[PDB]
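Scroll down for the structure; my scribbles are underneath it.
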Amino acid sequence: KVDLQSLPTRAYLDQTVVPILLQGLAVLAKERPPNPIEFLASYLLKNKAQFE
Amino acid sequence: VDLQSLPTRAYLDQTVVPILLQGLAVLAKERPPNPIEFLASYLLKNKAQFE
Amino acid sequence: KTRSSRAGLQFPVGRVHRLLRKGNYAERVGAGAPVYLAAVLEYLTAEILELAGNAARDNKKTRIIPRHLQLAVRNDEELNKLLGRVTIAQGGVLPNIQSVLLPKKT
Amino acid sequence: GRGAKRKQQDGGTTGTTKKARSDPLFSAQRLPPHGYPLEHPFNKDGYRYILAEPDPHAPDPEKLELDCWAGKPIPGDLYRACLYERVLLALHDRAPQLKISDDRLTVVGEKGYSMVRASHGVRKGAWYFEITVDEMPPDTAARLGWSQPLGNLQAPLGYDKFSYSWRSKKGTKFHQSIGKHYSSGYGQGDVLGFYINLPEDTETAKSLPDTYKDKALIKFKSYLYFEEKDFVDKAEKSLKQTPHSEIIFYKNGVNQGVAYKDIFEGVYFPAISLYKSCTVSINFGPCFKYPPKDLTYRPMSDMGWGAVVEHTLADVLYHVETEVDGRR
Amino acid sequence: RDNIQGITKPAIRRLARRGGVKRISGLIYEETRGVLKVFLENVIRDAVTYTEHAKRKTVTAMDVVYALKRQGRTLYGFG
Amino acid sequence: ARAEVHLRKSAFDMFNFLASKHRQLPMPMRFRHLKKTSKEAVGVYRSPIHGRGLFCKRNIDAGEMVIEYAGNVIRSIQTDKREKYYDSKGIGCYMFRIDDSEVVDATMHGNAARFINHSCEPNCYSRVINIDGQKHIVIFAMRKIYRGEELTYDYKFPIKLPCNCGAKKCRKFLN
Amino acid sequence: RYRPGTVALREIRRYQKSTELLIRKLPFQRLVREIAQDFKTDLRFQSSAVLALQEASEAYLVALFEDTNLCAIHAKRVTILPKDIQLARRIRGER
Ligand SMILES: Nc1ncnc2c1ncn2[C@@H]1O[C@H](CSCC[C@H](N)C(=O)O)[C@@H](O)[C@H]1O
Ligand SMILES: [Zn+2]
């Protein structure tokens with residue numbers, strides 16, 4: 001179930017992948033890396049099998 | 001770029017637009033089983049378009 | 001050859017002369033009578049229609065409804081002196097409320 | 001229970017009032033008349049008001065009906081009023097008297113003085129771009145050159161150290177209301193080249209706000225606006241110098257010499273200054289002459305899922321800080 | 001027949017609104033109907049005189065204007 | 001008497017007319033009265049409150065549209081240079097701010113309503129309407145105008161240019 | 001709603017802006033038919049003609065009302081009265 005009537009798409013992305021995105025945005029806003037894909041992948045693998 | 005004269009959020013919104021946009025879209029909607037090669041190819045596909 | 005262009009007016013002059021000749025107002029008329037009448041009718045028609053156009057552009061409507069003519073004739077004072085006992089079809093009346101009949105409170 | 005709407009309409013007590021004033025001829029923006037990516041350049045120089053990158057808010061103000069923005073805000077997938085790849089000037093830090101095309105190529109000014117700024121900074125790399133002056137009627141100053149966001153968007157180009165200019169008429173260099181007969185004039189059909197010579201990485205100072213209450217978020221009548229505002233008297237006193245501090249006003253390669261030096265240290269926006277009604281075309285980016293080197297200035301106007309995902313990305317981009325901030 | 005009651009209360013109320021009044025008494029309608037009837041009969045007398053002098057059993061509109069002009073009023077926009 | 005220097009030298013005066021005599025319906029279509037029947041009801045004479053003034057030889061009662069004020073409408077950026085030039089040429093604070101974004105300068109262009117004064121006991125209040133899509137300021141009176149008095153409107157400044165009028169309620173300042 | 005006298009002003013202004021007729025077509029037509037039958041029988045009316053008479057009536061009638069109006073003002077009151085109608089009819093010089 002994704003984005004039919006219950007969870008709006010903006011609300012869906014605001015409530016489904018938060019624990020990775022806040023760190024990613026924080027590191028691209030402070031550590032300012034031209035290539036932040038490694039950080040996002042590392043934080044995705046931390047909860048790769050933990051995704052409900 | 002990306003350090004002082006280009007603001008961090010402004011750098012995100014201005015310089016590397018066509019790379020993180022497509023990667024985030026594919027990992028938020030499609031999520032291929034092996035996205036590492038997709039993101040590597042997307043990163044390498046933009047090399048003489050942004051400074 | 002025409003005759004209206006001899007004076008530069010717009011209202012017909014031959015028509016006025018024929019209609020006044022067959023109107024038995026008298027038996028014999030001069031030459032300046034038809035042109036003079038055409039001229040005065042021209043002036044009065046222009047006087048009315050200029051205000052008609054002003055009222056037309058007041059409400060931003062191209063077509064002139066008779067309400068505009070009623071307002072233009074009534075609001076002027078010389079016209080109201082000259083058009084004293086005359087009404088207009090579909091004309092309506094200009095807005096007016098008596099002064100002492102105006103309620104107010106704090 | 002119906003006084004909340006009147007408070008939201010009069011202006012309330014949340015800093016700036018909720019009654020906008022942008023009385024010059026403001027166009028090219030504010031397309032969707034609802035709660036969507038919007039923008040309001042304000043009369044007051046330094047007021048940037050935007051709605052893209054949306055955010056939720058706390059419901060139940062005065063025990064009325066439950067607002068839809070309690071925990072699950074309504075989505076949005078439609079036109080977004082900005083640009084990503086290479087902002088052709090800008091759509092946020094502007095004056096509400098500039099006429100731009102829908103594709104954002106031509107710039108038409110007001111009856112009085114006007115300018116447009118940009119939203120992209122330059123630190124290293126080649127930015128040899130051009131401003132093709134389509135036409136320049138008499139009594140229409142066409143001074144062009146880089147400037148700073150701190151610059152007053154209605155002040156003459158060069159009136160402050162934030163802004164740098166080269167006069168289109170008689171080539172007389174002007175800055176801080178000081179004029180020296182320096183070069184020859186330009187105008188009709190005269191393409192002004194512009195390549196800010198900092199191919200090497202530099203360092204600057206970006207942000208130092210002095211006010212907070214004017215930076216608030218509250219519903220205007222049916223939509224939110226982000227009061228991201230600059231100040232002046234504090235910003236001018238943080239003025240510093242930086243590397244490659246020279247705003248050169250070229251003539252498409254040929255240069256008469258940089259008119260004024262020691263430019264303000266900060267993010268650079270190429271300001272185009274007009275003085276009366278006059279149009280002008282633009283081409284900016286990390287290229288030399290041809291606009292299509294990167295993505296050719298995408299407008300992000302499409303109905304597919306790409307617009308949806310980009311809008312949700314922007315929503316999250318502002319949602320992170322609207323969650324970690326803590327609303328008063 | 002009895003049709004003078006045809007001109008009912010709301011219509012005369014609206015025409016009073018035309019006049020420029022708000023406070024009107026409930027015992028004014030009868031004499032207004034009388035005055036209206038007098039005016040109509042006075043006009044239609046001349047109307048039928050005109051229409052029968054021309055040996056036409058119909059009644060046109062231009063003769064109505066003619067009688068209105070002869071009486072003292074004048075009508076514009078009709079013929 | 002050509003041998004004693006009298007004081008009060010500096011004047012900084014512009015409208016050199018100061019004398020010691022001073023011997024004094026729907027909305028959109030009311031535009032005519034602005035330009036044609038609006039040039040007799042008011043005379044220009046020496047005000048007693050301060051400086052010059054608009055005295056009266058006619059009478060106008062309550063709720064009557066009288067004058068439209070027009071002048072050099074400019075944006076707020078020109079305010080800095082305008083105030084500098086006011087300090088230079090000796091120009092009063094003619095910064096007629098209809099709003100915080102547009103101000104009606106009256107030092108290079110303006111109308112006959114540049115002659116007004118200020119007092120905490122005025123005769124008229126301001127009002128603004130919109131005709132044909134343009135916002136214009138027209139004043140409607142609340143009382144009757146007597147022969148020989150001066151128009152004045154409250155500036156409504158919430159509480160250093162003094163306001164010397166002599167009225168008992170006069171707060172002696174623009175406040 | 002409430003506050004009698006307020007709704008009267010709104011109604012009178014709304015109707016002053018409007019410029020339509022005020023009498024239903026069929027009742028007035030039948031009345032003209034009856035008053036004609038009083039004079040002569042079997043008269044065929046022109047649909048334009050009737051309309052004509054109609055308008056003239058209101059004109060006359062409305063003028064009368066206005067006069068009575070000012071007469072009431074001369075009597076230190078707002079409500080108009082029958083006696084004022086005879087006042088206007090006699091003073092006009094049309095009795
Ligand atoms: N009584 C007063 N005393 C001092 N200044 C006044 C004043 N009344 C008005 N002013 C100021 O003068 C400015 C207008 S210039 C004054 C009008 C004109 N020069 C004259 O001779 O009368 C206004 O901005 C107002 O602030
Ligand atoms: Zn005083």
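Chain identifiers are assigned as A, B, and so on, following the order in which chains appear in the structure tokens; residues are numbered from 1 within each chain, and ligands are numbered from 1 in order of appearance.
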Grab me every residue within 9 Å of ligand 1, counting only C-alpha atoms and all ligand atoms, and send it over as a ChimeraX atom specification.
/F:13-15,17-18,46-47,49-54,91-96,106,113-119,152,155,161-165,172-174
The selected residues should be written to file as a tab-separated table (two decimals), in the first residue's frame (atoms: N, CA, C and O atoms).
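Done, and the output landed in selection.tsv:
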chain	number	residue	atom	x	y	z
F	13	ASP	N	12.15	79.04	1.63
F	13	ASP	CA	10.78	79.09	1.13
F	13	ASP	C	10.74	78.81	-0.36
F	13	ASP	O	11.65	79.19	-1.11
F	14	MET	N	9.67	78.13	-0.80
F	14	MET	CA	9.49	77.74	-2.19
F	14	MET	C	8.33	78.45	-2.86
F	14	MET	O	8.50	79.11	-3.89
F	15	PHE	N	7.13	78.31	-2.30
F	15	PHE	CA	5.93	78.95	-2.83
F	15	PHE	C	5.89	80.37	-2.29
F	15	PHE	O	5.35	80.61	-1.21
F	17	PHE	N	4.30	83.17	-1.98
F	17	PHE	CA	2.97	83.75	-2.10
F	17	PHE	C	2.49	84.27	-0.75
F	17	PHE	O	1.34	84.69	-0.61
F	18	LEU	N	3.38	84.32	0.25
F	18	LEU	CA	3.01	84.68	1.61
F	18	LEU	C	2.64	86.16	1.65
F	18	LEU	O	3.47	87.02	1.34
F	46	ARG	N	-3.21	83.19	3.13
F	46	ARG	CA	-2.24	83.03	4.20
F	46	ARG	C	-2.90	82.33	5.38
F	46	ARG	O	-3.81	82.88	6.01
F	47	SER	N	-2.43	81.12	5.69
F	47	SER	CA	-3.00	80.37	6.80
F	47	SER	C	-2.60	80.99	8.13
F	47	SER	O	-1.50	81.54	8.26
F	49	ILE	N	-2.59	79.06	11.01
F	49	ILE	CA	-1.99	78.00	11.82
F	49	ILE	C	-0.49	77.96	11.60
F	49	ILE	O	0.30	78.13	12.54
F	50	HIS	N	-0.06	77.72	10.36
F	50	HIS	CA	1.36	77.77	10.01
F	50	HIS	C	1.55	77.88	8.50
F	50	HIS	O	1.01	77.07	7.74
F	51	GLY	N	2.31	78.88	8.07
F	51	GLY	CA	2.60	79.03	6.65
F	51	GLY	C	1.38	79.40	5.84
F	51	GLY	O	0.50	80.14	6.28
F	52	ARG	N	1.32	78.87	4.62
F	52	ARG	CA	0.25	79.15	3.69
F	52	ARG	C	-0.88	78.13	3.85
F	52	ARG	O	-0.71	77.07	4.46
F	53	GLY	N	-2.04	78.46	3.29
F	53	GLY	CA	-3.20	77.62	3.48
F	53	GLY	C	-4.25	77.79	2.40
F	53	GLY	O	-4.19	78.70	1.56
F	54	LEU	N	-5.23	76.89	2.44
F	54	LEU	CA	-6.36	76.90	1.52
F	54	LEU	C	-7.59	77.38	2.28
F	54	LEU	O	-8.29	76.63	2.94
F	91	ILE	N	13.85	71.44	1.90
F	91	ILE	CA	12.52	70.98	1.51
F	91	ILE	C	11.87	70.28	2.69
F	91	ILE	O	12.49	69.44	3.36
F	92	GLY	N	10.61	70.62	2.95
F	92	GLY	CA	9.86	70.00	4.02
F	92	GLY	C	9.57	68.54	3.73
F	92	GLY	O	9.84	68.00	2.65
F	93	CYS	N	9.01	67.87	4.74
F	93	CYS	CA	8.73	66.44	4.67
F	93	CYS	C	7.44	66.22	3.88
F	93	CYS	O	6.38	65.87	4.41
F	94	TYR	N	7.54	66.42	2.56
F	94	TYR	CA	6.43	66.18	1.65
F	94	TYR	C	6.31	64.72	1.25
F	94	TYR	O	5.70	64.40	0.22
F	95	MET	N	6.87	63.81	2.05
F	95	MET	CA	6.82	62.38	1.76
F	95	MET	C	5.41	61.88	2.07
F	95	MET	O	5.13	61.29	3.11
F	96	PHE	N	4.51	62.14	1.13
F	96	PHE	CA	3.12	61.70	1.25
F	96	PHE	C	3.08	60.21	0.93
F	96	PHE	O	3.00	59.80	-0.23
F	106	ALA	N	6.20	65.58	-3.59
F	106	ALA	CA	5.63	66.85	-4.01
F	106	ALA	C	6.69	67.95	-3.95
F	106	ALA	O	6.45	69.05	-3.46
F	113	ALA	N	-3.03	71.00	-3.74
F	113	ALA	CA	-3.22	70.50	-2.38
F	113	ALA	C	-1.91	70.34	-1.62
F	113	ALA	O	-1.90	69.70	-0.56
F	114	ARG	N	-0.82	70.91	-2.13
F	114	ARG	CA	0.45	70.98	-1.42
F	114	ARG	C	0.45	72.06	-0.34
F	114	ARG	O	1.47	72.24	0.33
F	115	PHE	N	-0.67	72.76	-0.17
F	115	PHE	CA	-0.73	73.96	0.66
F	115	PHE	C	-1.37	73.67	2.02
F	115	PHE	O	-1.73	74.61	2.74
F	116	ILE	N	-1.53	72.40	2.37
F	116	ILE	CA	-2.34	72.03	3.53
F	116	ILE	C	-1.50	72.10	4.80
F	116	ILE	O	-0.27	72.16	4.77
F	117	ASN	N	-2.20	72.11	5.94
F	117	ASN	CA	-1.57	72.16	7.25
F	117	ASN	C	-2.05	70.98	8.10
F	117	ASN	O	-2.87	70.17	7.67
F	118	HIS	N	-1.52	70.91	9.31
F	118	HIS	CA	-1.80	69.83	10.24
F	118	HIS	C	-2.14	70.40	11.61
F	118	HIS	O	-1.53	71.38	12.06
F	119	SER	N	-3.13	69.80	12.26
F	119	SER	CA	-3.53	70.21	13.59
F	119	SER	C	-4.37	69.10	14.22
F	119	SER	O	-5.07	68.37	13.52
F	152	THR	N	-8.14	71.41	6.69
F	152	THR	CA	-7.08	70.72	7.41
F	152	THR	C	-7.58	69.33	7.77
F	152	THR	O	-8.75	69.17	8.16
F	155	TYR	N	-3.49	63.97	10.45
F	155	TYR	CA	-2.52	63.06	9.85
F	155	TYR	C	-2.57	61.67	10.47
F	155	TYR	O	-2.02	60.74	9.87
F	161	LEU	N	9.32	67.77	14.44
F	161	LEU	CA	8.54	68.81	13.79
F	161	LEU	C	7.37	69.19	14.68
F	161	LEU	O	6.43	68.40	14.82
F	162	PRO	N	7.39	70.36	15.31
F	162	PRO	CA	6.26	70.77	16.15
F	162	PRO	C	5.03	71.09	15.31
F	162	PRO	O	5.11	71.40	14.12
F	163	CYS	N	3.87	71.02	15.96
F	163	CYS	CA	2.59	71.36	15.34
F	163	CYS	C	2.03	72.55	16.10
F	163	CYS	O	1.32	72.38	17.10
F	164	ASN	N	2.33	73.76	15.63
F	164	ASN	CA	1.93	74.99	16.32
F	164	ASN	C	0.64	75.50	15.68
F	164	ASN	O	0.65	76.16	14.64
F	165	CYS	N	-0.48	75.17	16.32
F	165	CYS	CA	-1.79	75.62	15.87
F	165	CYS	C	-2.54	76.46	16.89
F	165	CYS	O	-3.42	77.23	16.51
F	172	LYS	N	0.59	69.71	19.88
F	172	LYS	CA	1.82	70.43	19.58
F	172	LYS	C	2.81	69.60	18.77
F	172	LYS	O	3.98	69.99	18.65
F	173	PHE	N	2.38	68.47	18.22
F	173	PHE	CA	3.27	67.59	17.47
F	173	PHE	C	2.42	66.75	16.53
F	173	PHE	O	1.20	66.65	16.68
F	174	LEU	N	3.08	66.14	15.54
F	174	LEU	CA	2.38	65.36	14.53
F	174	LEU	C	1.63	64.18	15.12
F	174	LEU	O	0.71	63.66	14.48
Residue neighbourhood residue 61 (chain G), 8 Å, only C-alpha atoms, exclusion window fewer than 4 positions, as a PDB file with N, CA, C and O atoms, in the first residue's frame:
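Saved as out-v6.pdb:
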ATOM      1  N   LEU E  36     -55.652  55.539 -10.940  1.00  0.00           N
ATOM      2  CA  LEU E  36     -55.195  54.783 -12.097  1.00  0.00           C
ATOM      3  C   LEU E  36     -56.335  54.519 -13.069  1.00  0.00           C
ATOM      4  O   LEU E  36     -56.164  54.671 -14.285  1.00  0.00           O
TER       5      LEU E  36
ATOM      6  N   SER G  57     -48.494  54.688 -17.803  1.00  0.00           N
ATOM      7  CA  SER G  57     -49.093  54.613 -16.476  1.00  0.00           C
ATOM      8  C   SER G  57     -48.036  54.791 -15.395  1.00  0.00           C
ATOM      9  O   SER G  57     -48.061  55.782 -14.653  1.00  0.00           O
ATOM     10  N   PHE G  65     -46.419  59.780  -6.794  1.00  0.00           N
ATOM     11  CA  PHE G  65     -45.869  59.309  -5.530  1.00  0.00           C
ATOM     12  C   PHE G  65     -44.813  60.270  -5.020  1.00  0.00           C
ATOM     13  O   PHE G  65     -44.894  60.754  -3.884  1.00  0.00           O
TER      14      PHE G  65
END
Using CA of residue 166 (chain D) and CA of residue 46 (chain D) as the two end points, give the distance in Å to one decimal.
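Here the two named atoms are 23.4 Å from each other.
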Who sits within 10 Å of residue 22 (chain B), only C-alpha atoms, same chain under 4 positions skipped, as a ChimeraX atom specification
/B:17-18,26-28,38-39,42 /D:306,309-310
Those residues with N, CA, C and O atoms, as a CSV table (one decimal), in the first residue's frame please?
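Listed below is the output, again13.csv:
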chain,number,residue,atom,x,y,z
B,17,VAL,N,22.3,18.9,-10.1
B,17,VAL,CA,20.8,18.7,-10.2
B,17,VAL,C,20.5,17.3,-10.8
B,17,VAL,O,19.7,16.5,-10.2
B,18,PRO,N,21.1,17.0,-12.0
B,18,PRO,CA,20.6,15.8,-12.7
B,18,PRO,C,21.0,14.4,-12.1
B,18,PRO,O,20.8,13.4,-12.7
B,26,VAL,N,14.8,7.1,-8.1
B,26,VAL,CA,14.8,5.7,-8.3
B,26,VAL,C,14.9,4.9,-7.0
B,26,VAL,O,14.3,3.8,-6.9
B,27,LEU,N,15.5,5.4,-6.0
B,27,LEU,CA,15.5,4.8,-4.7
B,27,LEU,C,14.3,5.1,-3.8
B,27,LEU,O,14.1,4.4,-2.7
B,28,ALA,N,13.4,6.0,-4.2
B,28,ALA,CA,12.2,6.2,-3.5
B,28,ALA,C,11.0,5.6,-4.2
B,28,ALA,O,9.9,5.4,-3.6
B,38,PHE,N,23.7,1.4,-10.9
B,38,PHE,CA,22.9,2.5,-11.5
B,38,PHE,C,23.3,3.9,-11.0
B,38,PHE,O,23.5,4.8,-11.8
B,39,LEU,N,23.6,4.0,-9.7
B,39,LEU,CA,24.1,5.3,-9.2
B,39,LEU,C,25.5,5.6,-9.7
B,39,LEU,O,25.8,6.8,-10.0
B,42,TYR,N,25.0,6.8,-13.3
B,42,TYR,CA,24.4,8.1,-13.3
B,42,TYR,C,25.5,9.2,-12.9
B,42,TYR,O,25.5,10.2,-13.5
D,306,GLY,N,7.9,12.1,-12.4
D,306,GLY,CA,9.1,12.9,-12.1
D,306,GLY,C,8.7,14.2,-11.3
D,306,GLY,O,9.4,14.5,-10.3
D,309,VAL,N,7.8,13.1,-7.7
D,309,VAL,CA,9.0,12.8,-6.8
D,309,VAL,C,9.8,14.0,-6.5
D,309,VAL,O,10.3,14.1,-5.4
D,310,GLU,N,10.0,14.9,-7.5
D,310,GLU,CA,10.7,16.1,-7.2
D,310,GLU,C,10.0,17.0,-6.2
D,310,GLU,O,10.6,17.6,-5.3
Please identify all polymer residues within 10 Å of residue 12 (chain A), counting only C-alpha atoms, omitting same-chain residues fewer than 4 positions from it, and present them as JSON, numbers by chain.
{"A": [2, 3, 6, 7, 8, 16, 17, 18], "D": [72, 73, 75, 312, 316]}
Skipping near chain neighbours, those fewer than 3 positions away, what residues fall within 7 Å of residue 80 (chain G) using only C-alpha atoms, listed as a PyMOL selection string?
(chain E and resi 23-25) or (chain G and resi 68-69+72+84)
Using DSSP on the backbone coordinates, identify the residues of chain B assigned to alpha helix (DSSP H); present them as a ChimeraX atom specification.
/B:8-14,20-25,35-45
